[PDB]
Amino acid sequence: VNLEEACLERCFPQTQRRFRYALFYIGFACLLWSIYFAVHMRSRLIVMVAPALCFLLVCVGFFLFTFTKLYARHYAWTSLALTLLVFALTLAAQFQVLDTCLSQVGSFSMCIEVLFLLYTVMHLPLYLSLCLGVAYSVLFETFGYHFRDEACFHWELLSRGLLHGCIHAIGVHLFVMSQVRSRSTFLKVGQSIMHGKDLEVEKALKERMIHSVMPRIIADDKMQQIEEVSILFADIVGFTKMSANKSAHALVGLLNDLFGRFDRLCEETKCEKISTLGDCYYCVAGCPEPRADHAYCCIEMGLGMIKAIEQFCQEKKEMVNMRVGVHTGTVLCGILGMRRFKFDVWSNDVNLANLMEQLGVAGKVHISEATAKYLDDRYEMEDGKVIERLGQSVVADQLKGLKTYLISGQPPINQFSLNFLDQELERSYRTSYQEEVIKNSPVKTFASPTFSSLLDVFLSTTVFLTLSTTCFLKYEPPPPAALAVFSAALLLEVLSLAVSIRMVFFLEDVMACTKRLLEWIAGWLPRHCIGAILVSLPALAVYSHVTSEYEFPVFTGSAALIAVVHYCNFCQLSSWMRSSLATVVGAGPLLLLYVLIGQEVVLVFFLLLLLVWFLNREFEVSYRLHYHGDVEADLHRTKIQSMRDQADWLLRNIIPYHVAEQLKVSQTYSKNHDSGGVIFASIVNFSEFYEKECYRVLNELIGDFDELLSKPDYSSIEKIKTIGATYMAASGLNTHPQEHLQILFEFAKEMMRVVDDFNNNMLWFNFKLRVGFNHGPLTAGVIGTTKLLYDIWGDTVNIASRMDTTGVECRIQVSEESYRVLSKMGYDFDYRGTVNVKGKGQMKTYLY
């Protein structure tokens, strides 16, 4: 009931505006009646004209009430007060009159107009309005017969009751339809405002997802050759000891705040964080925006990382340090792949920066000669001394004479033509009924265009029959012309009713051809033609009983009063045509037939016609506005589903399926896997092909790779990320005991096949995709709060990257652990020897 109070509040201007117009009408109606009374009924003026001018003051007093705040709270009470006042005046006028006599037609006009004011343009409860109207109508008819005059003037009583029944039927139907449009619009305009609020709060989710995989500058809208870029790398020394004797939730927790501290420091540094490779944290400075201070901000974050880890060391009581290595130079950045694509930087300089981190000492910033060229005496500078620190190891074989150095610190509706301002909406409005039939939309509410026609046709049928029933009661020889119109109308009436019920219920007797013409009838032009005759069908019965023996007079005018009233029905049609037809088919015929009784009919129809003209205008714009809320409601629904689909897909671009539900429950996710496999696959000979123009072909190969995860057989494999030219993927995150491990090989076995095929279209150059492979315990987890990031790290991942380093062309290097189950199935495998592995000594590694 709380929503109802808001419904009245929003519709309160409509109720207030309508009630004010009623006061203008009744004041104008009483003004004209008194003027006619003061001219042709001069016999008894003060007993009759005084209430008219007195009621003019009543309208003025009621107009004064509208501005008072009491009317705002109690608009319903004021409307009822006018009801009894106008009721008292009209009933007294009927009694008081009976050159000293007034025709019953004038009395009937007062009854019809006041009944229509109460039903339509007053906004009262249905039971109260109906009961008041029937009580008022029953007293009006009873008084007239009781107080009828004999000096001037069975089925007779039933005739008036049928006339009064028609007025209530149209008034009630107009009233219930008026409420339906108001309630339907209020609910659906409110639905629009809730979709609009949800769209803004759901669009921010989409922008957050884009920001989780791309820089802000790139997010404004696919590769670059930006020079003078300082690259950072770091390693959490002692992370292996942290991994042991630690829970998965606690381990990722210590990383989450540690990375966040880096990110907050990065925000002050205003650098860019590309990605975090497990415990490593590598970032770039100088791209995409051409920053001229790139070398220094890398050192500040590098030295700040040393400070930040120490503060984290004293907060979480951990024994960790930092090993920062920065190398500056040219770099290539962009987006690779169609799924799980992230911003990354690729070059030979980047790999040297990663190596320089491995050559560093904990708590130090290990810079290159290139970075030292951009550094002033603001910072102390030391000899790198890596040659004697680590000896002549394989890792340091490729320094190639580059001296290294270290750092320790420091309402669109026109009033006249009643049309939409936007012609685009106007065209869609006219075709609304046709497409409603075309789509076969089910009947939802009382405001459906197909259902509205059904109720309008039914009302037109009973209005015509009840009105015509009394006409035949007068005669009970009727002229043959009257009989022809009645039978022809009935034949068309039942056919129109049959069409409407079939257009709504859609009986199984329908068939393709009759559905084609049904849509054609729904068009604007042919619906107007059938509606115009149907609306005038009750009116034609009145003037088909008129012949050369007229001089009968009172009843035809009394029946024509209802005929012009019936034109308020069929609200779906244009109000101007219906109102015009009322003037030319409801008032015109009798006006010519009469062409003081002659003055009285002119005044009676003029007052009634203007009420019909205004009521149709008010009810039409209510129906126009209802469809205006319909086009706005459907647009907001399609806007929401557009951004809903966009955001969910970018969720799929960051986290896999199994992480989406858990993230919806808690802000953090973690998992430790007993057994899992990781695959590395790098395009090695790209350096020979590299010389931005070459990388575009590389993008297609990555795009071709992305289609493999779209294959139905690789649904158990979800790639982690693409780094360098390498392709990293894992099998077993979503989990034969090692069925996942086979398909990871099966995914791998398809990896070089497409590489060989992709080389067919190129000219005298073939790409080679060396692959590393090993399986074991691995740890996943989501990193970041405002920027999500998914990664898997551990000893299993690190050696696979090592096997990617120590690999050969198109061969799947396999460690001991996979061999304990891979050769058991039947895979054909070979031997190569042993390679260096950190943390396990020399390792027995084979090939496919």
# chains A, B, ... in the order shown; residues from 1 in each chain; ligands from 1
$ residues_around --residues "residue A:413" --least-positions-apart "2" --cutoff "12 Å" --atoms "only C-alpha atoms" --output "PyMOL selection string"
chain A and resi 411+415-423+425-426+617-618+620-625+628
$ write_last_selection --atoms "N, CA and C atoms" --output "short mmCIF file (atom, residue, chain, number, x, y, z; two decimals), in the first residue's frame"
data_model
loop_
_atom_site.label_atom_id
_atom_site.label_comp_id
_atom_site.auth_asym_id
_atom_site.auth_seq_id
_atom_site.Cartn_x
_atom_site.Cartn_y
_atom_site.Cartn_z
N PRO A 411 6.17 15.36 -21.32
CA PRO A 411 5.10 15.07 -22.28
C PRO A 411 5.38 15.63 -23.67
N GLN A 415 -0.18 20.21 -28.27
CA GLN A 415 -1.53 20.44 -27.76
C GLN A 415 -2.57 20.46 -28.87
N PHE A 416 -2.20 20.89 -30.07
CA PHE A 416 -3.18 21.09 -31.13
C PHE A 416 -3.53 19.78 -31.83
N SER A 417 -2.54 19.15 -32.47
CA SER A 417 -2.79 17.97 -33.29
C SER A 417 -2.72 16.67 -32.51
N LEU A 418 -2.30 16.71 -31.24
CA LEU A 418 -2.23 15.53 -30.38
C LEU A 418 -1.34 14.44 -31.00
N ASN A 419 -0.11 14.83 -31.32
CA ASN A 419 0.85 13.94 -31.94
C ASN A 419 2.19 14.05 -31.22
N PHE A 420 2.98 12.99 -31.30
CA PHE A 420 4.30 13.00 -30.69
C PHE A 420 5.21 14.01 -31.38
N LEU A 421 6.02 14.71 -30.58
CA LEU A 421 6.94 15.69 -31.14
C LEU A 421 7.96 15.03 -32.05
N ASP A 422 8.48 13.87 -31.65
CA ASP A 422 9.43 13.13 -32.47
C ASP A 422 8.68 12.29 -33.49
N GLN A 423 8.89 12.59 -34.78
CA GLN A 423 8.20 11.85 -35.83
C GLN A 423 8.63 10.39 -35.85
N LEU A 425 9.07 8.46 -33.20
CA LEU A 425 8.15 7.80 -32.29
C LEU A 425 6.74 7.75 -32.87
N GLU A 426 6.35 8.79 -33.62
CA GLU A 426 5.02 8.82 -34.21
C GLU A 426 4.82 7.67 -35.18
N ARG A 617 -9.92 14.15 -25.71
CA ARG A 617 -8.55 14.66 -25.69
C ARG A 617 -7.82 14.20 -24.44
N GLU A 618 -8.48 14.24 -23.28
CA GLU A 618 -7.84 13.83 -22.04
C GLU A 618 -7.58 12.33 -22.02
N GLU A 620 -7.26 10.36 -24.72
CA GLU A 620 -6.30 9.99 -25.75
C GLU A 620 -4.87 10.18 -25.26
N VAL A 621 -4.56 11.36 -24.71
CA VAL A 621 -3.20 11.63 -24.25
C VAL A 621 -2.81 10.69 -23.12
N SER A 622 -3.79 10.20 -22.36
CA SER A 622 -3.51 9.16 -21.37
C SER A 622 -3.08 7.87 -22.05
N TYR A 623 -3.68 7.55 -23.20
CA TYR A 623 -3.31 6.34 -23.93
C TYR A 623 -1.99 6.54 -24.68
N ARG A 624 -1.76 7.74 -25.21
CA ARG A 624 -0.47 8.05 -25.82
C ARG A 624 0.66 7.95 -24.81
N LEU A 625 0.45 8.49 -23.61
CA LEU A 625 1.50 8.46 -22.59
C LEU A 625 1.75 7.04 -22.10
N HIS A 628 4.05 5.70 -24.50
CA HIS A 628 5.33 6.38 -24.33
C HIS A 628 6.15 5.72 -23.23
#
$ residues_around --residues "stretch 546-557 of chain A" --least-positions-apart "2" --cutoff "12 Å" --atoms "only C-alpha atoms" --output "MDAnalysis selection string"
chainID A and resid 102:109 153 156 159:160 163 467:468 470:475 477:483 539:544 559:564 586:591 593:594 597:598 600:602 604:605
$ residues_around --residues "residue A:200" --least-positions-apart "4" --cutoff "12 Å" --atoms "only C-alpha atoms" --output "CSV table (one decimal) with C-alpha atoms, in the first residue's frame"
chain,number,residue,atom,x,y,z
A,193,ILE,CA,14.0,4.8,-13.2
A,194,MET,CA,15.1,1.7,-11.4
A,195,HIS,CA,16.7,0.3,-14.6
A,196,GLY,CA,18.5,3.7,-15.1
A,204,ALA,CA,30.9,0.9,-13.3
A,205,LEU,CA,31.4,-2.8,-12.9
A,206,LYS,CA,32.2,-3.1,-16.7
A,207,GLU,CA,34.8,-0.3,-16.5
A,636,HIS,CA,15.8,0.3,-20.7
A,639,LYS,CA,20.1,-1.4,-22.5
A,640,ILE,CA,20.5,-3.4,-19.3
A,643,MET,CA,25.7,-4.0,-20.5
A,644,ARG,CA,24.9,-7.2,-18.5
$ residues_around --residues "stretch 430-434 of chain A" --least-positions-apart "3" --cutoff "10 Å" --atoms "only C-alpha atoms" --output "list in words"
residues 425, 426, 427, 437, 438, 439, 440, 448, 449, 450, 518, 519, 520, 521, 522, 523, 524, 525, 527, 572 and 627 of chain A
$ write_last_selection --atoms "N, CA and C atoms" --output "PDB file, in the first residue's frame"
ATOM      1  N   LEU A 425       9.073   8.461 -33.198  1.00  0.00           N
ATOM      2  CA  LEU A 425       8.148   7.797 -32.286  1.00  0.00           C
ATOM      3  C   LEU A 425       6.743   7.748 -32.870  1.00  0.00           C
ATOM      4  N   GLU A 426       6.355   8.785 -33.615  1.00  0.00           N
ATOM      5  CA  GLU A 426       5.023   8.823 -34.209  1.00  0.00           C
ATOM      6  C   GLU A 426       4.816   7.670 -35.183  1.00  0.00           C
ATOM      7  N   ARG A 427       5.817   7.387 -36.021  1.00  0.00           N
ATOM      8  CA  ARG A 427       5.697   6.277 -36.962  1.00  0.00           C
ATOM      9  C   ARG A 427       5.570   4.947 -36.229  1.00  0.00           C
ATOM     10  N   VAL A 437      -0.082  -7.560 -33.243  1.00  0.00           N
ATOM     11  CA  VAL A 437      -0.688  -8.741 -33.848  1.00  0.00           C
ATOM     12  C   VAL A 437       0.381  -9.622 -34.483  1.00  0.00           C
ATOM     13  N   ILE A 438       1.401  -9.004 -35.083  1.00  0.00           N
ATOM     14  CA  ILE A 438       2.456  -9.762 -35.752  1.00  0.00           C
ATOM     15  C   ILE A 438       3.217 -10.625 -34.752  1.00  0.00           C
ATOM     16  N   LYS A 439       3.543 -10.066 -33.587  1.00  0.00           N
ATOM     17  CA  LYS A 439       4.323 -10.791 -32.593  1.00  0.00           C
ATOM     18  C   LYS A 439       3.490 -11.753 -31.755  1.00  0.00           C
ATOM     19  N   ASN A 440       2.161 -11.662 -31.819  1.00  0.00           N
ATOM     20  CA  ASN A 440       1.265 -12.494 -31.013  1.00  0.00           C
ATOM     21  C   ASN A 440       1.606 -12.394 -29.527  1.00  0.00           C
ATOM     22  N   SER A 448      -3.540  -3.533 -22.807  1.00  0.00           N
ATOM     23  CA  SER A 448      -2.997  -4.067 -24.046  1.00  0.00           C
ATOM     24  C   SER A 448      -3.814  -3.560 -25.233  1.00  0.00           C
ATOM     25  N   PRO A 449      -3.162  -3.167 -26.333  1.00  0.00           N
ATOM     26  CA  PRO A 449      -3.921  -2.633 -27.477  1.00  0.00           C
ATOM     27  C   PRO A 449      -4.930  -3.615 -28.045  1.00  0.00           C
ATOM     28  N   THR A 450      -4.612  -4.911 -28.042  1.00  0.00           N
ATOM     29  CA  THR A 450      -5.555  -5.897 -28.557  1.00  0.00           C
ATOM     30  C   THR A 450      -6.726  -6.093 -27.601  1.00  0.00           C
ATOM     31  N   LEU A 518      -5.909 -10.234 -40.865  1.00  0.00           N
ATOM     32  CA  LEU A 518      -6.026  -9.724 -39.503  1.00  0.00           C
ATOM     33  C   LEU A 518      -4.951  -8.686 -39.214  1.00  0.00           C
ATOM     34  N   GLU A 519      -3.721  -8.938 -39.667  1.00  0.00           N
ATOM     35  CA  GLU A 519      -2.659  -7.947 -39.525  1.00  0.00           C
ATOM     36  C   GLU A 519      -2.958  -6.700 -40.347  1.00  0.00           C
ATOM     37  N   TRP A 520      -3.516  -6.878 -41.548  1.00  0.00           N
ATOM     38  CA  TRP A 520      -3.834  -5.733 -42.395  1.00  0.00           C
ATOM     39  C   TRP A 520      -4.878  -4.835 -41.743  1.00  0.00           C
ATOM     40  N   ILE A 521      -5.898  -5.433 -41.121  1.00  0.00           N
ATOM     41  CA  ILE A 521      -6.926  -4.648 -40.443  1.00  0.00           C
ATOM     42  C   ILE A 521      -6.321  -3.849 -39.296  1.00  0.00           C
ATOM     43  N   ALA A 522      -5.310  -4.405 -38.626  1.00  0.00           N
ATOM     44  CA  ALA A 522      -4.672  -3.736 -37.499  1.00  0.00           C
ATOM     45  C   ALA A 522      -3.942  -2.458 -37.895  1.00  0.00           C
ATOM     46  N   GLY A 523      -3.724  -2.223 -39.188  1.00  0.00           N
ATOM     47  CA  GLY A 523      -3.059  -1.007 -39.611  1.00  0.00           C
ATOM     48  C   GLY A 523      -3.873   0.231 -39.293  1.00  0.00           C
ATOM     49  N   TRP A 524      -3.192   1.379 -39.323  1.00  0.00           N
ATOM     50  CA  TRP A 524      -3.825   2.630 -38.916  1.00  0.00           C
ATOM     51  C   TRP A 524      -4.988   2.992 -39.831  1.00  0.00           C
ATOM     52  N   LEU A 525      -4.756   2.980 -41.144  1.00  0.00           N
ATOM     53  CA  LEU A 525      -5.805   3.370 -42.085  1.00  0.00           C
ATOM     54  C   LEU A 525      -7.019   2.447 -42.058  1.00  0.00           C
ATOM     55  N   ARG A 527      -8.048   0.215 -39.722  1.00  0.00           N
ATOM     56  CA  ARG A 527      -8.691   0.189 -38.411  1.00  0.00           C
ATOM     57  C   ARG A 527      -9.545   1.430 -38.196  1.00  0.00           C
ATOM     58  N   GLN A 572      -8.646   4.034 -28.651  1.00  0.00           N
ATOM     59  CA  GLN A 572      -7.458   3.753 -29.450  1.00  0.00           C
ATOM     60  C   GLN A 572      -7.450   4.543 -30.753  1.00  0.00           C
ATOM     61  N   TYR A 627       1.729   4.326 -23.953  1.00  0.00           N
ATOM     62  CA  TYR A 627       2.653   3.731 -24.908  1.00  0.00           C
ATOM     63  C   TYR A 627       4.008   4.424 -24.885  1.00  0.00           C
TER      64      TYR A 627
END
$ residues_around --residues "residue A:214" --least-positions-apart "4" --cutoff "8 Å" --atoms "only C-alpha atoms" --output "JSON, numbers by chain"
{"A": [210, 218, 219, 342, 343]}
$ write_last_selection --atoms "C-alpha atoms" --output "PDB file, in the first residue's frame"
ATOM      1  CA  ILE A 210      38.403  -3.479 -18.402  1.00  0.00           C
ATOM      2  CA  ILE A 218      44.320   2.152 -23.438  1.00  0.00           C
ATOM      3  CA  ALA A 219      40.878   1.799 -21.826  1.00  0.00           C
ATOM      4  CA  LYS A 342      45.755  -8.704 -20.860  1.00  0.00           C
ATOM      5  CA  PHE A 343      48.094  -5.788 -21.423  1.00  0.00           C
TER       6      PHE A 343
END
$ closest_residue --among "A:632, A:235, A:388, A:377" --to "residue A:355" --atoms "only C-alpha atoms"
A:235
$ select_by_dssp --residues "stretch 186-414 of chain A" --states "helix (DSSP H, G or I)" --output "PyMOL selection string"
chain A and resi 186-211+218-220+239-243+248-269+294-315+348-358+369-372+386-390
$ closest_residue --among "A:115, A:231, A:6, A:174" --to "residue A:186" --atoms "only C-alpha atoms"
A:6
$ atom_distance --atom1 "atom CA of residue A:776" --atom2 "atom CA of residue A:731"
10.8 Å
$ select_by_dssp --residues "stretch 54-263 of chain A" --states "strand (DSSP E)" --output "tab-separated table (two decimals) with N, CA and C atoms, in the first residue's frame"
chain	number	residue	atom	x	y	z
A	223	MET	N	48.76	-1.83	-30.99
A	223	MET	CA	50.13	-2.08	-30.59
A	223	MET	C	50.91	-0.77	-30.67
A	224	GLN	N	52.12	-0.78	-30.11
A	224	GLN	CA	52.95	0.41	-30.10
A	224	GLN	C	54.42	0.01	-30.20
A	229	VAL	N	61.61	3.36	-22.44
A	229	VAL	CA	60.74	2.80	-21.41
A	229	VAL	C	61.61	2.10	-20.38
A	230	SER	N	61.43	2.45	-19.11
A	230	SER	CA	62.14	1.81	-18.02
A	230	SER	C	61.31	0.66	-17.48
A	231	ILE	N	61.91	-0.52	-17.42
A	231	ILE	CA	61.22	-1.75	-17.04
A	231	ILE	C	61.70	-2.16	-15.66
A	232	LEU	N	60.75	-2.56	-14.81
A	232	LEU	CA	61.05	-2.98	-13.45
A	232	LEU	C	60.76	-4.46	-13.28
A	233	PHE	N	61.53	-5.10	-12.40
A	233	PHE	CA	61.30	-6.48	-12.02
A	233	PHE	C	61.68	-6.64	-10.56
A	236	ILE	N	60.14	-11.87	-4.57
A	236	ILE	CA	59.96	-12.04	-3.13
A	236	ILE	C	60.93	-13.11	-2.66
A	237	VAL	N	62.09	-12.68	-2.17
A	237	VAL	CA	63.11	-13.62	-1.72
A	237	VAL	C	62.66	-14.25	-0.41
$ atom_distance --atom1 "atom CA of residue A:28" --atom2 "atom CA of residue A:130"
25.2 Å
$ residues_around --residues "stretch 753-767 of chain A" --least-positions-apart "6" --cutoff "8 Å" --atoms "only C-alpha atoms" --output "PyMOL selection string"
chain A and resi 683-686+689+701+704-705
$ atom_distance --atom1 "atom CA of residue A:399" --atom2 "atom CA of residue A:277"
23.1 Å
$ closest_residue --among "A:293, A:227, A:257, A:202" --to "residue A:782" --atoms "only C-alpha atoms"
A:257
$ closest_residue --among "A:260, A:165, A:288, A:401" --to "residue A:334" --atoms "only C-alpha atoms"
A:288
$ closest_residue --among "A:250, A:117, A:800, A:226" --to "residue A:175" --atoms "only C-alpha atoms"
A:117
$ residues_around --residues "stretch 404-410 of chain A" --least-positions-apart "2" --cutoff "10 Å" --atoms "only C-alpha atoms" --output "VMD selection string"
chain A and resid 299 to 300 302 to 304 306 to 307 324 to 327 356 359 to 372 378 to 387 399 401 to 402
$ write_last_selection --atoms "N, CA, C and O atoms" --output "compact mmCIF listing (two decimals), in the first residue's frame"
# COMPACT_ATOMS: atom_id res chain seq x y z
N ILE A 299 63.19 3.59 -9.95
CA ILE A 299 64.07 3.46 -8.80
C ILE A 299 63.31 3.78 -7.51
O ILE A 299 63.49 3.11 -6.49
N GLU A 300 62.46 4.81 -7.54
CA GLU A 300 61.67 5.15 -6.36
C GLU A 300 60.78 3.98 -5.93
O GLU A 300 60.74 3.63 -4.75
N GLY A 302 61.33 0.89 -6.84
CA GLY A 302 62.28 -0.15 -6.47
C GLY A 302 62.81 0.04 -5.06
O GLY A 302 62.85 -0.91 -4.26
N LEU A 303 63.24 1.26 -4.73
CA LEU A 303 63.67 1.55 -3.37
C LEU A 303 62.48 1.58 -2.41
O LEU A 303 62.58 1.13 -1.27
N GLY A 304 61.35 2.12 -2.87
CA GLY A 304 60.15 2.10 -2.05
C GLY A 304 59.68 0.69 -1.75
O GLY A 304 59.14 0.43 -0.67
N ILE A 306 61.67 -1.81 -1.24
CA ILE A 306 62.53 -2.21 -0.13
C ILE A 306 62.01 -1.64 1.18
O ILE A 306 61.98 -2.33 2.21
N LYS A 307 61.59 -0.37 1.17
CA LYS A 307 60.99 0.21 2.36
C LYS A 307 59.65 -0.44 2.67
O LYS A 307 59.34 -0.72 3.84
N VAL A 324 65.34 -5.98 -6.75
CA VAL A 324 64.83 -5.14 -7.82
C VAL A 324 65.88 -5.02 -8.92
O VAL A 324 67.05 -4.73 -8.64
N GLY A 325 65.46 -5.24 -10.16
CA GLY A 325 66.32 -5.05 -11.31
C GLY A 325 65.63 -4.26 -12.41
O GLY A 325 64.59 -4.68 -12.92
N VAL A 326 66.20 -3.12 -12.78
CA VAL A 326 65.59 -2.20 -13.73
C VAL A 326 66.51 -2.05 -14.94
O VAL A 326 67.70 -1.76 -14.79
N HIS A 327 65.95 -2.26 -16.13
CA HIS A 327 66.65 -2.04 -17.39
C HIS A 327 65.73 -1.23 -18.30
O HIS A 327 64.56 -1.57 -18.46
N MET A 356 68.21 -9.42 -15.02
CA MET A 356 68.90 -8.54 -14.09
C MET A 356 68.35 -8.67 -12.68
O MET A 356 69.09 -8.50 -11.70
N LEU A 359 70.08 -11.50 -11.21
CA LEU A 359 71.47 -11.18 -10.91
C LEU A 359 71.63 -10.26 -9.71
O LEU A 359 72.76 -9.94 -9.33
N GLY A 360 70.53 -9.82 -9.09
CA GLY A 360 70.58 -8.88 -8.00
C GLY A 360 70.81 -9.54 -6.65
O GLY A 360 70.86 -10.76 -6.50
N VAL A 361 70.94 -8.69 -5.64
CA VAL A 361 71.11 -9.10 -4.25
C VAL A 361 69.97 -8.50 -3.44
O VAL A 361 69.54 -7.37 -3.70
N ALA A 362 69.46 -9.27 -2.48
CA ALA A 362 68.27 -8.87 -1.74
C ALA A 362 68.47 -7.52 -1.06
O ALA A 362 69.53 -7.24 -0.50
N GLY A 363 67.44 -6.68 -1.13
CA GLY A 363 67.51 -5.34 -0.57
C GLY A 363 68.24 -4.34 -1.42
O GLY A 363 68.59 -3.26 -0.93
N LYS A 364 68.48 -4.65 -2.69
CA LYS A 364 69.24 -3.79 -3.59
C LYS A 364 68.44 -3.55 -4.86
O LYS A 364 67.61 -4.37 -5.25
N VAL A 365 68.71 -2.42 -5.50
CA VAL A 365 68.16 -2.11 -6.82
C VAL A 365 69.28 -2.29 -7.84
O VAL A 365 70.26 -1.53 -7.84
N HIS A 366 69.13 -3.28 -8.71
CA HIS A 366 70.18 -3.69 -9.63
C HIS A 366 69.87 -3.10 -11.01
O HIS A 366 69.02 -3.61 -11.73
N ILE A 367 70.57 -2.03 -11.36
CA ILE A 367 70.30 -1.29 -12.58
C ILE A 367 71.29 -1.71 -13.66
O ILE A 367 72.30 -2.36 -13.39
N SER A 368 70.99 -1.33 -14.90
CA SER A 368 71.87 -1.57 -16.03
C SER A 368 72.63 -0.30 -16.38
O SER A 368 72.44 0.76 -15.77
N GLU A 369 73.51 -0.41 -17.38
CA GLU A 369 74.22 0.77 -17.85
C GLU A 369 73.28 1.76 -18.52
O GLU A 369 73.49 2.98 -18.42
N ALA A 370 72.25 1.27 -19.21
CA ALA A 370 71.30 2.15 -19.87
C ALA A 370 70.56 3.02 -18.87
O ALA A 370 70.36 4.22 -19.10
N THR A 371 70.13 2.44 -17.75
CA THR A 371 69.42 3.21 -16.74
C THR A 371 70.33 4.22 -16.06
O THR A 371 69.88 5.32 -15.71
N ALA A 372 71.60 3.88 -15.86
CA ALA A 372 72.54 4.80 -15.22
C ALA A 372 72.76 6.06 -16.03
O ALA A 372 73.13 7.09 -15.46
N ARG A 378 71.80 12.28 -7.65
CA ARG A 378 70.78 12.24 -6.60
C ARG A 378 70.85 10.94 -5.81
O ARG A 378 70.45 10.90 -4.64
N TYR A 379 71.35 9.87 -6.43
CA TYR A 379 71.41 8.56 -5.81
C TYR A 379 72.86 8.09 -5.80
O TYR A 379 73.63 8.42 -6.70
N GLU A 380 73.23 7.33 -4.77
CA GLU A 380 74.54 6.71 -4.76
C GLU A 380 74.61 5.65 -5.85
O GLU A 380 73.60 5.06 -6.24
N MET A 381 75.82 5.42 -6.37
CA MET A 381 76.00 4.48 -7.46
C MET A 381 77.16 3.56 -7.13
O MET A 381 78.25 4.04 -6.79
N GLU A 382 76.94 2.25 -7.22
CA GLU A 382 77.95 1.26 -6.88
C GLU A 382 78.22 0.35 -8.06
O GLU A 382 77.37 0.18 -8.94
N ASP A 383 79.41 -0.23 -8.08
CA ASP A 383 79.74 -1.25 -9.07
C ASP A 383 78.88 -2.48 -8.84
O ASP A 383 78.68 -2.91 -7.70
N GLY A 384 78.36 -3.05 -9.93
CA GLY A 384 77.47 -4.20 -9.81
C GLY A 384 78.14 -5.39 -9.16
O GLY A 384 77.56 -6.05 -8.29
N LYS A 385 79.38 -5.68 -9.57
CA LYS A 385 80.18 -6.76 -8.98
C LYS A 385 79.43 -8.09 -9.01
O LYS A 385 79.42 -8.85 -8.03
N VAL A 386 78.78 -8.37 -10.14
CA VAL A 386 78.04 -9.63 -10.27
C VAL A 386 78.97 -10.75 -10.73
O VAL A 386 78.68 -11.93 -10.49
N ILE A 387 80.08 -10.42 -11.38
CA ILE A 387 80.98 -11.44 -11.90
C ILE A 387 81.57 -12.26 -10.76
O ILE A 387 81.61 -13.49 -10.81
N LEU A 399 75.46 -11.60 -20.30
CA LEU A 399 75.51 -10.18 -20.01
C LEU A 399 76.16 -9.40 -21.15
O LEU A 399 75.87 -8.21 -21.32
N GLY A 401 79.12 -8.13 -21.81
CA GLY A 401 79.97 -6.99 -21.54
C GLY A 401 79.27 -5.76 -21.02
O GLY A 401 79.91 -4.70 -20.92
N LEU A 402 77.99 -5.85 -20.68
CA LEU A 402 77.26 -4.70 -20.16
C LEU A 402 77.56 -4.53 -18.68
O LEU A 402 77.20 -5.39 -17.86
$ decode --residues "stretch 813-828 of chain A" --atoms "C-alpha atoms" --output "PDB file, in the first residue's frame"
ATOM      1  CA  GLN A 813      59.706 -31.662 -22.363  1.00  0.00           C
ATOM      2  CA  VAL A 814      58.444 -33.846 -19.514  1.00  0.00           C
ATOM      3  CA  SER A 815      59.822 -34.188 -15.985  1.00  0.00           C
ATOM      4  CA  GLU A 816      59.893 -37.270 -13.767  1.00  0.00           C
ATOM      5  CA  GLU A 817      56.464 -36.737 -12.202  1.00  0.00           C
ATOM      6  CA  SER A 818      54.481 -36.748 -15.444  1.00  0.00           C
ATOM      7  CA  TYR A 819      56.455 -39.772 -16.620  1.00  0.00           C
ATOM      8  CA  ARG A 820      55.089 -41.846 -13.735  1.00  0.00           C
ATOM      9  CA  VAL A 821      51.662 -41.673 -15.403  1.00  0.00           C
ATOM     10  CA  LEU A 822      52.134 -40.396 -18.993  1.00  0.00           C
ATOM     11  CA  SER A 823      53.978 -43.426 -20.392  1.00  0.00           C
ATOM     12  CA  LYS A 824      51.606 -45.770 -18.541  1.00  0.00           C
ATOM     13  CA  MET A 825      48.723 -44.914 -20.880  1.00  0.00           C
ATOM     14  CA  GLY A 826      50.845 -45.513 -23.976  1.00  0.00           C
ATOM     15  CA  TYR A 827      52.248 -42.156 -25.061  1.00  0.00           C
ATOM     16  CA  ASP A 828      55.379 -42.563 -27.181  1.00  0.00           C
TER      17      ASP A 828
END
